[PDB]
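**Q** can't give you the sequence, but here's the structure:
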């Protein structure tokens, strides 16, 4: 029931695939402040992700801030992984 | 070859048998370099490769593993 606080979120349950660069960011998807899932993604990059009812084009900046057209109730938030 | 693809599926998976079948099916698909099960619920199937027919792959997952949905389609940042 807390407001979204990435400092208190457990890390994503991720796998760094060995043949590609390690992605710099963790992402966390919430619906009305409840964590739905989490993963890894590249910084200074782009992806298409299913966020609730809609496909969303999400851009990441160099500090893992995520932007896109999130539908009502939903958000995807980023943060840099340790050491990046 | 080309810049690699990253495709993530969400597949409700009852247990580790289902997971094993999904990983085997994906690994046997043309173009796949690696596959892992990830996510908070252990139901994200993360696929990396080059020239994957994701159309056919989702169909095969739906027939053999469970009700697969796309979560993400992206390219790998290689530079």
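**A** Everything's here; your move. Residues are numbered from 1 along each chain as shown, chains lettered A, B, ... in the order given.
**Q** May I have the beta-bridge partners of residue A:30?
**A** Listed by DSSP bridges, the beta-bridge partners for residue A:30 are residue A:35, residue A:75.
**Q** Tell me if residue A:79 really is in a strand.
**A** Yes - looking at residue A:79 with DSSP: H, G, I helix; E, B strand; the rest coil, it is inside a strand.
**Q** Isn't it up against residue A:24?
**A** No - Residue A:79 lies out of contact with residue A:24 (CB atoms under 8 Å); the separation is 9.9 Å. To be clear about C-beta, it is placed using only N, CA and C from the backbone, and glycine gets the same treatment.
**Q** list the residues that contact both of the two?
**A** The contact sets of residue A:79 and residue A:24 overlap at residue A:64 (CB atoms under 8 Å, 6 or more residues apart in numbering or on different chains).
**Q** For the two, indicate the residue with more neighbours.
**A** Each of residue A:79 and residue A:24 has its neighbours counted (other CB atoms under 10 Å in any protein chain shown); residue A:24 has more, 22 against 19.
**Q** quick one: contacts for the more buried one?
**A** When contacts are counted by CB under 8 Å, 6+ apart, residue A:24 touches A:42, A:43, A:64, A:80, A:81, A:84.
**Q** Could you find the residue nearest the spatial middle of chain A?
**A** What sits nearest the mean C-alpha location of chain A, by CA atoms, centre = their mean, is residue A:27, with 1.8 Å.
**Q** Excluding residues flanking it in the chain, which one is nearest residue B:35?
**A** residue B:26 (4.3 Å; CB to CB, 6 or more residues apart in numbering or on different chains).
**Q** Can you name the residues that contact the one you found?
**A** Applying CB under 8 Å, 6+ apart, one finds that residue B:26 lies in contact with B:32, B:35, B:45, B:47, B:57, B:61.
**Q** just to confirm, which helix or strand has it in it?
**A** Using DSSP states H and E, residue B:26 sits in helix B:16-27.
**Q** next one: the following helix or strand past that helix to chain centre, how far?
**A** Going down the chain from helix B:16-27, the next helix or strand is strand B:32-38, by DSSP H and E. Remark: strand B:32-38 is offset 6 Å from the chain centroid, using CA atoms, centre = their mean, to the nearest Å.
**Q** which parts of stretch B:55-75 are buried?
**A** For stretch B:55-75, a neighbour-count test (16 or more other CB atoms under 10 Å in any protein chain shown) marks B:57, B:58, B:60, B:61, B:65, B:66, B:68, B:71, B:72, B:74 as buried.
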